[PDB]
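Enquirer: Model the following, please.
(chains A and B)
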Amino acid sequence: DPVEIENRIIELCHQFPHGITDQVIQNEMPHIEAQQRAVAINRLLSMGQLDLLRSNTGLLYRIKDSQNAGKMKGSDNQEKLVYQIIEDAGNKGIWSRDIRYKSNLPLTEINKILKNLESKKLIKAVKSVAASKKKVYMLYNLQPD
DNA sequence: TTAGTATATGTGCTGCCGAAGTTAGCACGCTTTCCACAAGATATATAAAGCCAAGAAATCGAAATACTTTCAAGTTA
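Expert: Numbers count the residues shown, from 1 in each chain, chains lettered A, B, ... in the order given. The structure is reproduced below:
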């Protein structure tokens, strides 16, 4: 059952937040073929709950960041669809204008998202000393460059 | 040492399309923040009338019966 295969893969991803490899998936479920496992992984990547990483050991399939929530009001869709580039920037930070241009969302919407994230302690706003024009948003856990 | 060969040497050729310059005589006619200074938002008479929305009473509109008229067919003659 492909639904059961996807559920088991999601459970394995939950158990291993750092990601799982095809070897681990096969060791956990050896009675299923590599073709079925690949079809399940493709369906998961198409529906958008897993992300692929290329490490020196091979391929890793990690559950998308959804448990860490700072903006639950409305929908987690925009929350994660902003946190993606927020994390991508991370140490270097990113201005509000750049966040708006990358999200293609209204200024009011992005401001609400940022305010909710700051209220739930997921992002920190720091004044850019190089160009004191706007405040860049970074991850609360990362050290400011 | 000398004839054959490769190179650059400036030169001189070709097109290359474009460059300046031309075309004659009158009368009409937005964003971030950041910033600082002063302006909401506040009690309080206070007389005054006009306004804008619940209730209570009133009367208009008219509908379902009660009178009179009217036929029309039938009676005492």
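Enquirer: buried residues in stretch A:26-45?
Expert: A:29, A:37, A:40-41, A:43-44 (16 or more other C-beta atoms under 10 Å). Quick note: C-beta positions are derived from backbone N, CA and C, even for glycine.
Enquirer: same question, stretch A:66-78
Expert: Neighbour-count burial for stretch A:66-78 [16+ other C-beta under 10 Å]: A:70-71, A:78.
Enquirer: Go through those residues and name the one nearest DNA strand B.
Expert: Minimum distance to DNA strand B across the buried residues of stretch A:66-78 is 16.8 Å, recorded for residue A:78 (C-beta to the nearest atom of the strand).
Enquirer: you'd agree the closest one is up against residue A:71?
Expert: Yes. With contact defined as C-beta atoms under 8 Å, residue A:78 counts as touching residue A:71 (7.4 Å).
Enquirer: which neighbours do the two share?
Expert: Any residue near both residue A:78 and residue A:71 by C-beta atoms under 8 Å, 6 or more residues apart in numbering counts here, and that gives residue A:113.
Enquirer: just the strands in chain A please.
Expert: Ranges of strands in chain A, per DSSP state E, are A:50-55, A:58-63, A:123-127, A:135-139.
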